[PDB]
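**Student:** At position 81 of the sequence shown the residue is numbered 79 (the deposited numbering), and the sequence of numbers has no breaks.
Even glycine gets a Cβ: it sits at the ideal position worked out from N, Cα and C.
Take this structure, written in structure tokens, and hold onto it; I'll ask about it next.
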Amino acid sequence: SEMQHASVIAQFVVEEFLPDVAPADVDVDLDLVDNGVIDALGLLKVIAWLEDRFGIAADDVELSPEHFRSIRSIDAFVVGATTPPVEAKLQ
């Protein structure tokens, strides 16, 4: 369950720019930024829906470009916000 709905996260980024692509065909082992799917407005859209699902405000914490290091980090960031991080990359 470490993925915590990994396919769901890909579904948002996939639908954010490539909705005609099956999220299962995306490797979560590749950094999300390397794809370039996350842009300036793309970054805003990411926090807008991701924050809306948990009802949390991004203003409470500042996000850095490193937080977009990979989709895996996004799952940890979302979980880290409500519950302690699991196998965080830092540890």
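Measure the beta-carbon distance from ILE69 to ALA8 and round it to whole angstroms, keeping in mind my assumption that it falls under 8 Å.
**Tutor:** Numbered from its first residue, the sequence shown carries residue 69 at position 71. Numbered from its first residue, the sequence shown carries residue 8 at position 10. Confirmed, Cβ separation roughly 6 Å.
**Student:** State the start and end residues of the unbroken alpha helix (DSSP H) segment that holds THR80.
**Tutor:** As a position in the sequence shown, residue 80 is number 82, starting the count at 1. Start and end: 69 to 80.
**Student:** Between which two residues does the alpha helix (DSSP H) harbouring residue 155 extend?
**Tutor:** Since the first and last residues shown for the chain are -1 and 89, residue 155 lies out of range.
**Student:** Restricting to Cα atoms, I'd like to know which of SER62, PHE75, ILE36, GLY53 is closest to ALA4.
**Tutor:** Here residue 4 is taken as the residue at index 6 of the sequence shown, counted from 1. For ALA4, the nearest C-alpha among the options comes from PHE75.
**Student:** Could you name the residues of the same chain whose beta carbon sits closer than 7 Å to that of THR80, not counting the 5 residues immediately before and after it, in chain order?
**Tutor:** Here residue 80 is taken as the residue at index 82 of the sequence shown, counted from 1. The answer, listed in chain order, is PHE52.
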